[PDB]
Amino acid sequence: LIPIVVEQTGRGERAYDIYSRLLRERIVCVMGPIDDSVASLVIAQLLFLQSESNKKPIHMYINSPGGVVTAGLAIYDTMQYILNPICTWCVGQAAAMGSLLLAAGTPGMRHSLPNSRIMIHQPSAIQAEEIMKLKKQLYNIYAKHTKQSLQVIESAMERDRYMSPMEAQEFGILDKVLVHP
Amino acid sequence: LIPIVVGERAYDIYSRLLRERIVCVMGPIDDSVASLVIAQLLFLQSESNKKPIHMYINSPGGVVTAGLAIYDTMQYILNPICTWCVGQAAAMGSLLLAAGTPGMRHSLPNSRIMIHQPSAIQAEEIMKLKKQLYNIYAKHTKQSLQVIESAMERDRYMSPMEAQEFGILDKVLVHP
Amino acid sequence: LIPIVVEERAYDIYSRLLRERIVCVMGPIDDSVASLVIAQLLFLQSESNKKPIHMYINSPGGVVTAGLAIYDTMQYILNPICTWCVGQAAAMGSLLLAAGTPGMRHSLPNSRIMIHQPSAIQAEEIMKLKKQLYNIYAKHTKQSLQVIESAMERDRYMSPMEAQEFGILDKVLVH
Amino acid sequence: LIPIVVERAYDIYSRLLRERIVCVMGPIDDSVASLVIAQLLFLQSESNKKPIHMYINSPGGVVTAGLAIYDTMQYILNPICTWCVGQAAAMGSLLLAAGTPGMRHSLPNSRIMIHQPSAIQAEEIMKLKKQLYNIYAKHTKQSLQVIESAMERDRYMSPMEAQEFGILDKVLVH
Amino acid sequence: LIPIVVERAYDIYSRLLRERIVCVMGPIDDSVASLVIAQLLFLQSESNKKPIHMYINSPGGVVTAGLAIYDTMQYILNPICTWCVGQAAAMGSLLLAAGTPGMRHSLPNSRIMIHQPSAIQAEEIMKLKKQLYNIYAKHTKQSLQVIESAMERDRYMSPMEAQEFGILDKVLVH
Amino acid sequence: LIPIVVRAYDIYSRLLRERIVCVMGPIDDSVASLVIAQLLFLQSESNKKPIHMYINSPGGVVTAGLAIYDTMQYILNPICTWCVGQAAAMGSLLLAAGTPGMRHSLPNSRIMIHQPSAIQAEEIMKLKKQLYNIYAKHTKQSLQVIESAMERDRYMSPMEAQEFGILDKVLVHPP
Amino acid sequence: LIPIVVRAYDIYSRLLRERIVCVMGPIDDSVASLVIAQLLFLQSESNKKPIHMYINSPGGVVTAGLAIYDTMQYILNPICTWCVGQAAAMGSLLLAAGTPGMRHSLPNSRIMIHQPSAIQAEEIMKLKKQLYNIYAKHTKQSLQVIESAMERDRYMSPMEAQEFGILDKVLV
Amino acid sequence: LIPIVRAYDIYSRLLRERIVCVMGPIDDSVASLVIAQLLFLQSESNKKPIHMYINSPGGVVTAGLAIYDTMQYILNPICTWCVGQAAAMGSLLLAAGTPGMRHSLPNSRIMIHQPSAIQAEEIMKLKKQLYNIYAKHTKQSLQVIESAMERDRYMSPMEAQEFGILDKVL
Amino acid sequence: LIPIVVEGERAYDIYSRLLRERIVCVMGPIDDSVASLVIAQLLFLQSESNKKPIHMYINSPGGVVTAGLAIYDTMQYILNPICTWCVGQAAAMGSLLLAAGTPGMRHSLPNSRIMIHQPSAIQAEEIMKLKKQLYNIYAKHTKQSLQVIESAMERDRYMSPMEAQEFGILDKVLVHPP
Amino acid sequence: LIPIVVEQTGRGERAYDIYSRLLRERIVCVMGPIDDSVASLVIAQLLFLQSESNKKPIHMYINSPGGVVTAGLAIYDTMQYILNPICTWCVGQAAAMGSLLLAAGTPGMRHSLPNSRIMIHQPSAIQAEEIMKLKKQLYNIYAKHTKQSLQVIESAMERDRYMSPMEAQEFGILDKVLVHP
Amino acid sequence: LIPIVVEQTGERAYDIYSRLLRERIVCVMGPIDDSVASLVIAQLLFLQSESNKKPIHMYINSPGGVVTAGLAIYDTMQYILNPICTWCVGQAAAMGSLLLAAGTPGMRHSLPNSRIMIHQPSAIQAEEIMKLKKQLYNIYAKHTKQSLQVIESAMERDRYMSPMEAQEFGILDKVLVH
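Residues numbered from 1 in each chain as written, not as in the entry; some residues may be left out. Chains lettered and ligands numbered in written order. Part of a larger assembly, values for the part shown. Heavy atoms only, no water. Residues with missing side-chain atoms left out of burial classes, pairs and counts.

Looking at the entry header, you'll see cryo-EM listed as the method and 2.8 Å as the resolution.

The name given to chain H in the PDB entry is ATP-dependent Clp protease proteolytic subunit, mitochondrial, with the source organism recorded as Homo sapiens. The title line of the PDB record says "Human ClpX-bound ClpP".

As annotated in the PDB entry, chain B carries the name ATP-dependent Clp protease proteolytic subunit, mitochondrial and is attributed to Homo sapiens. The Subcellular location field of the UniProt record for chain B holds the comment "Mitochondrion matrix". (UniProt positions renumbered as here; feature names shortened; annotations may be inferred.)

> Honestly, the packing of helix α5 (residues 128–146) of chain A against helix α5 (residues 122–140) of chain E in this entry has me stumped. Any pointers?
The relative placement of two packed helices comes down to the angle between their axes together with the axis-to-axis distance. For the pair α5 of chain A and α5 of chain E, interaxial distance at closest approach is 9 Å and the crossing angle is 145 degrees. Helix-helix and strand crossings are classified by hand; for α5 of chain A and α5 of chain E the assignment is left-handed. The segment α5 of chain A lies against α5 of chain E, with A128, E129, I131, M132, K135 and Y139 of chain A engaging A122, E123, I125, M126, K129 and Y133 of chain E. Here the residues of the contact of α5 of chain A with α5 of chain E sort into 8 nonpolar, no polar and 4 charged. (Axes fitted to C-alpha atoms, helices over the stretch in contact; angles between N-to-C directions. Helix = DSSP H or I, 4+ residues; strand = E, 2+ residues; numbered from the N terminus. Left-handed = near helix turned anticlockwise from the far one by under 90°. Contact = heavy atoms within 4.5 Å. Nonpolar A, V, L, I, M, F, W, Y, C, P; charged D, E, K, R; others polar.)

> Whenever I open this one, the environment of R19 of chain G confuses me. Can you help?
Residues and elements named next belong to chain G. Position of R19 relative to the elements: it lies in the loop between α1 (11–17) and β3 (20–24). Residue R19 is classed as buried on the basis of its relative accessible area, which comes to 7%. Counting along the chain gives 42 residues from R19 to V61, while the straight-line C-alpha distance between them is 25 Å. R19 has contacts with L42, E45, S46, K49, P50, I51, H52 and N77, leaving out every residue within four places of it along the chain. (Buried < 20%, exposed > 50% of the residue type's maximum accessible area, 1.4 Å probe, protein only.)

> Just checking my understanding: could you explain the packing of helix α5 (residues 123–141) of chain B against helix α5 (residues 123–141) of chain C for this structure?
In contact at an axis separation of 9 Å, α5 of chain B and α5 of chain C are set at 145 degrees when each is read in the N-to-C sense. The crossing of α5 of chain B and α5 of chain C is left-handed. Across the interface between the two elements, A123, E124, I126, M127, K130 and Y134 of chain B of α5 of chain B pack against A123, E124, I126, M127, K130 and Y134 of chain C of α5 of chain C. Residues of the contact of α5 of chain B with α5 of chain C, tallied by class, amount to 8 nonpolar, no polar and 4 charged.

> Please clarify how the pairing of strand β3 (residues 27–31) of chain A should be interpreted in this entry.
When a strand is regular, its side chains alternate between the sheet's two faces. Residue and element names in this part refer to chain A. Alignment of β3 against strand β4 (residues 58–64), held across 5 bridges, turns out to be parallel. Bridge pairing links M31 to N63 in β4. For the segment spanning β3, helix α2 (residues 36–52) and β4, crossover handedness is right-handed. (Pairing = 2+ DSSP bridges. Right-handed = clockwise from strand over helix to strand, strands pointing away.)

> Help me understand the interface of chain I and chain A, please; the structure alone is not making it clear to me.
Each side of the interface is counted separately: chain I has 29 residues, and chain A has 28 residues. Buried area between chain I and chain A, summed over both chains or domains, comes out near 2,700 Å², and the portion from carbon and sulfur atoms is 65%. Per-residue buried area on chain I facing chain A is highest for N111, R113 and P177 of chain I; these three make up 20% of the total on that side. Our count for the chain I to chain A interface comes out at 2 salt bridges. In this structure, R113 of chain I engages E130 of chain A in a salt bridge whose closest nitrogen and oxygen atoms are separated by 3.4 Å. (Buried area = accessible area lost by both parts, 1.4 Å probe. Salt bridge = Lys/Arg side-chain N within 4 Å of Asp/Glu carboxyl O.)

> Would you mind showing me how to read the arrangement of the chains here?
In this view chain D stays clear of chain I, with the nearest C-alpha atoms of the two still 37 Å from each other. Separating chain H from chain J is a minimum C-alpha gap of 14 Å, and the two share no contact.

> Please clarify how the packing of aromatic side chains should be interpreted in this entry.
Each aromatic ring pair is described using two quantities: the centre-to-centre distance and the angle formed by the ring planes. Applying the stated criterion across every chain yields a total of 16 aromatic pairs over all chains. Each ring, one from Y81 of chain A and one from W85 of chain I, has its centre 5.8 Å from the other, and the planes form 65 degrees; the classification is edge-to-face. Highlighted residues: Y81 of chain A in helix α3 (residues 69–81) and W85 of chain I in strand β5 (residues 82–91), drawn from two different chains. Each member of the pair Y81 of chain A and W85 of chain I is classed as buried. Between the aromatic rings of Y76 of chain C and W83 of chain D, the centroid separation amounts to 6.4 Å while the plane-to-plane angle is 70 degrees, which identifies the pairing as edge-to-face. Taken together, the residues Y76 of chain C in helix α3 (residues 64–76) and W83 of chain D in strand β5 (residues 80–89) connect one chain to another. Put simply, the rings of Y81 of chain A together with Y57 and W85 of chain I pair up and form one aromatic cluster. Above the ring of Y157 of chain B, the side-chain terminus of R112 of chain B is found at 4.0 Å from the ring centroid. Over the ring of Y156 of chain D we find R111 of chain D; its NZ or CZ atom is 4.0 Å from the centre of that ring. (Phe/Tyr/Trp six-rings, centres within 6.5 Å; stacked < 30°, edge-to-face > 60°. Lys NZ or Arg CZ within 6 Å of the ring centre and 35° of its normal.)

> What is the right way to read the interface of chain H and chain K from this model?
It is common to report an interface's size as the accessible area lost on association of the parts. With 13 residues of chain H in contact, the opposing surface of chain K contributes 13 residues. Carbon and sulfur atoms supply 49% of the area buried between chain H and chain K, which totals about 1,100 Å² over both sides. With a shortest N-O distance of 3.0 Å, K133 of chain K and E121 of chain H are connected by a salt bridge. Summed over the shared surface of chain H and chain K, the number is 7 residue pairs in polar contact. Residues of the side of chain H that touches chain K, tallied by class, amount to 7 nonpolar, 4 polar and 2 charged. (Polar contact = N/O pair within 3.5 Å; in protein donor to acceptor, adjacent residues only side chain to side chain.)

> Sorry if this is basic, but what is going on with the pattern of salt bridges here?
Opposite charge on two side chains allows them to pair when their charged atoms are near. As enumerated under the stated definition, the model contains 68 salt bridges over all chains in all. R155 of chain I is paired through a salt bridge with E152 of chain E; the nearest N and O atoms lie 2.7 Å apart. With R155 of chain I in the loop between α6 (146–152) and α7 (161–167) and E152 of chain E in the loop between α6 (144–150) and α7 (159–165), this residue pair bridges two chains. Take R155 of chain I: its relative accessible area is 35%, and that puts it in the partly exposed class. In this structure, the salt-bridge partner of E23 of chain K is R19 of chain K, at a minimum N-O distance of 2.7 Å. By relative accessible area, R19 of chain K is classed as buried at 16%. In the salt-bridge network here, residues are joined through shared partners; they are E7, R21, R24 and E25 of chain A.

Next up, the structure:
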């Protein structure tokens, strides 16, 4: 499936699959649903890229319908723990937990391409009291990073709809919509 | 197995074709295909901003947001992209074909083109996605929205000569 | 499984209730359910065209065109229809509840009401059906289309007292 | 579970069949066609003059199964009142259209589709569809070009569009 | 198989139903709840004054299906005697507790559990959970803080311990 | 198929008119529901005539067997209990719970008191201790004997189960 | 499937009216309970008239076959057993356990005393030793003869099954 | 499914004409049901013929041998009709009808070959019983039967008549 | 799809590259093959140095008890300090491995969920014997009394990191590296 | 899934998976259920390690529910054939056939961690006589290594119970419990 | 899954089975099928090319399997000139016991607890099933030096035998009291 790409210096060459050459450029891809396996890989790549340097930015590309809340919260906390700046990019869609990871990038470094769909709504094994505690954590994360009030976040998350990138920029999920081709 | 080809180094042909700056979009489009195509496209821009990219489309379409992610990446990148229709380009596949650079959209002569969209989301949001398709088809085909809306309602394929007149294509290579 | 009862003659429990002009719409609604409900509604009009019919609803919703087939039948027949919410009336089941005869729409105190529509035809055809739901709810609840369009976007359930205030019910009653 | 209703007693569908009502509901296939045809030929035997009522709620189905029903509807001498309830799509709208002139009815929220949503040889699939064009033209009184064009659009008519197109005679608006 | 018994003959459950006995056995769902509600409404039509006997052996089930049963028990005018036979867990313990005061019974080895062992929005799960606290607090006379605490412990009560909690009125030594 | 017999009855219905209840195969909540209904029915026809339970079972759900056992102890009738084939786990408890002097076995039946290897650990242990009390009451063994006898993954012959107090008679032929 | 025959019965209810019990196919706890119920009914109608049991079986669960065996031995009725087609494993024990002089076979029936092959090792051998005692009781062979004959994975003809004492008559 | 014609399903109505249908594959369940019908029809009379209608690809050998032995034990004449196909054990039930009462329709296919859990010695003993049954009913030699069973072929009703599987082709 | 890293030079998957940093990822549910792989890495990392710390990152719903007790015993056998990190959740056996880290080196991120309760093939007496081992391990490491552990472990709930720190399952809750 | 590790040779780097690195320390892992595939792998490793030297000990780590009896008896006979001392370590669990491989270590070299579970009972095809033949071989092996009498072994194996390391030591299944520091 | 080992010419590495094959060991473990036969025959023909004089060791732990696959192996063992030492490890049943018995006279070995069975537990015509079993009788009679009447009777009993009893029957030459 994955093609192989080569770097060469005349005295020799080195080859990578594309995702590991993207990782060599410090790019992490979150694509498709988020689960404890996807989190495990994303966590490991973030811990690695901090160990290679704690000062160079990391670039996170999001195209996901979201996924497990506990897995997304593990990725979130690690993005906040590591000292690197994190650029975050939406392509295609960032929905549910995917838009929390988008919102959680470094201020000024949260981006979208013009046709991306953003959803703050959380589409419809645990005790009722514990599911509500998870949502209150989500409300506080969105309020922190968007700088909206909790009352705005709580009512915005109730509407089952997608924002355009311009709606998400004025809401504060994004800093930039890069329309320039 | 994929055949290996050919100091010297030995590549599977998809990596040899990628060394020729060729991206293959084959079969259905999904988030996995979209992530592969986007990674390939961003890599090829890093190899140079100037040299064209060649994009071979044989697909029945697929997920709309996956195709729009590919589309937005094709437009973000600075390189010219030459889109080649081989076999067919239907639904989201004909958007990617039409989104190649003006003068660089090609078909082989027995290809089938379809812009109709055959056959978990609220009704309000499905209509928003389709109006996005109307806008981006209209800008690339230079057609009115009423023509696009009418043409996308007929469940039919069109020949590459019809697609060239409609503006999905620039050149039909009947010659070798 | 299904009990049999004696009254002489004997019937299954649902055939015995049907003799009281009771139609049980329970569970998901589909073309199999719709045709059976419509058959009972047309029969009961032949048995008489004046005496009320009682529809008991416990339903998560279903196919829209199956619910619209039932809705049209309820509005065609001349009988009054009393609608009872029991446990749940969601999506299309809430429209059948709201489409009862004015003054004859009831709930038990713990019923959950939802007019929101949780989530292979063209996009324009999904949007046409959705606008039919707006017209039906506006007609029966007396709310404006803007209110219906806004209330239907929120993914929430509604208590019987709030559904009565919204105009989906006429009575909430304990005994 | 099907309710039983009364000194004889019958299932709800056999009680309706005593009123000369035939329910076409759900997809159409050879076993649905077999059941409908048996009821149609039976109801002609009890009277060749009193009308029959067909209720349609159908996405359509097998083309030759629908054509077997259609040809049975045209062979028997009874008038057939057709009622669209819910939807009549594909082959279901051909059965609706093939009711007796003046006796094709719809409820006001029904959807009608004459489009045929997307094995045998290619040259035979076109021979079936050409029969559909000729059947629709006979009953709808549109030209073959109008129907062949209209039947390519993947859309549903409202009952008022279907009455203007000629598939229906009456919409009972309530 | 189910045995026929017994003039006329019925299956064992129809013969019990003539004694005004309703059996709630196994999990509760919408198809169980509709059967239970239908029998409750029927038995009120025969008389509104003679008791009804509900026999519960259940792990519980769907909350809105149990709330439909509960509301019917409170709606109808009859006394309802509830018998715990082997198990009453989750929603099955609520139906047990919801019997008429003085008419809630257990056999000596029954296990009682008010804990709710484990889609819709979280705000709706918590609203539905809060309704259960008000039902238990009404019927057991415990405070909401007691009910909230006791429903958190993943535990079964003895019949005598459930009588002390107020879920039962009598344990019968058999 | 199950034989019809003749006034024409199912074979198990014809046995039930002889006051015979069959407990065959695994016990579960569905078997318990049927057995308890038959026990309560047979008590209503006579509180004085014995009931016969024929047991061939590998065991089952404990709470389903405890529901049957409590019904046997609630009703006033004597219950004759017959092991045929095997009684194991909960099947041996229903066998042991018959009326003293009225517990019988055929010569080749296998009896197992051992409990061959969704609940909390403290609750599984609380169920297990209820079995120790029931067996000790009916067999007259001490709790330490019962608790150690249950640990051996073993079957008893009918004569050994009679000496242990699970049975009162072993019958080759009618007495 | 099952034809109805004229009162009216299915074919098996009509045979049951003739006091015929068909043990056919594999034996299990479902089959055993059905056979025992018919055996106890037929004794209820008469303790003196014979019962006819027809066997076509590969055998099955030992504990279910021993349940049938104990019921056949308990009831007072004579039981005529007929081997039709085959009687293998537990099926040949029900054949051997018919009343002396009343065990029959058709000419092409195959009889097997061998046992073709959740429980402890000690308990499997205790069941096996019960089989040795039952076959020795009914065939009048010694236990050493039974133990050897059951080890050979073979079928045997009705005439040598009669010689071994599993049958009294072969009817041709 | 089964049409109803007193009233009976179509197979119980034919059973009232003393007709037994052996159609489809033979197994212990089929054998049990055919034997019960055969024994019943003898009880109604021992003198009237039984008519046995066969369309089958074959089946289990010991299931067919159980049917065969019942046909020979019963006193009644058994007329046998091949309709469509008699193969494997179905040809043995056809051949085992009463002399002069074995019939075929004109297009029936007959096969005595045995197309395509037990020890080798016991498989061979079963097949040697087939050789003896076919030899006595067809009156061919064992050497002829053993050779004819090795050819994987069907034969026409006229070949089966001259081989002695049939008496009449109608 | 597991990334490769090149780091003469050699190529590692991301987890082997992290193992060179002395990082062990206990992620997802625990079973015998997870336990086998963790124990082999712990013994390897002790061989490479008996005095440098080891870092265990935990995100797990729990798992087989005897597989977790095998891991626990290996953590207590080796002489190294073990820093333990909760990310996402530590439930059931995952919370015991969290609590079993070295005193002063048990860490949580701010949104981690901690559950001491054990949600729900052997006889009843052996299940209770496993439970009583768990009660003694939690009492040893959290320094609660056995009855407090028994009462706490009966409630089907999750602690916050701050509540688990007050219970003694954690030493630090860290928003950022100090 | 299995991590790779590197061995520092003299001015050189030799890569292994984690299990071949352990095998180079003469460690054999018997983990999960025992079958013919597991037996073949264990027997190959035992015969290999004897060729590398017949005098250095071998270390066998047991975490097993047991398995096929004839597969475990093949392992047992290979342990008894080779000349090496074998240290056997119970980690987590040794049940059924796993406890025979534990008991069959060299005397003085059988170990357990503090929280292991030992079970001699065999939790509940071939002919009846052949199952009892194979069971009687287990009684002989256990009696040889534990030095209990056959009556004590045969009675003990009937109880469906586990036992603690300090009780398996008193029964003679192992020699040392490594109490935690 | 399968270990890797390093050996002198040590600057070469092998999987554990490729290392054993270099010692001239062929492993026949588990059931026999055409793919197992193909791979065993390939190894036997290779090892003869390396030398036609040094012994080959076959290790058998097998239920047996397809008869014609085992007969293909048997004919390859009989074709090649090498001595073949056969070792019964664990069990040799059915076709597995024929390969064991077909080792070179004096070179057929068993471990003490191995189970041996010559009984054949239980798509072609009856005459062909019977013809295959008569070849088995001839092979066993040739190699065990029993008469056909003994072999035919001994295959009818559904039982295993000990290595000492299998030695008395002539299937083995040695039992390794080790």
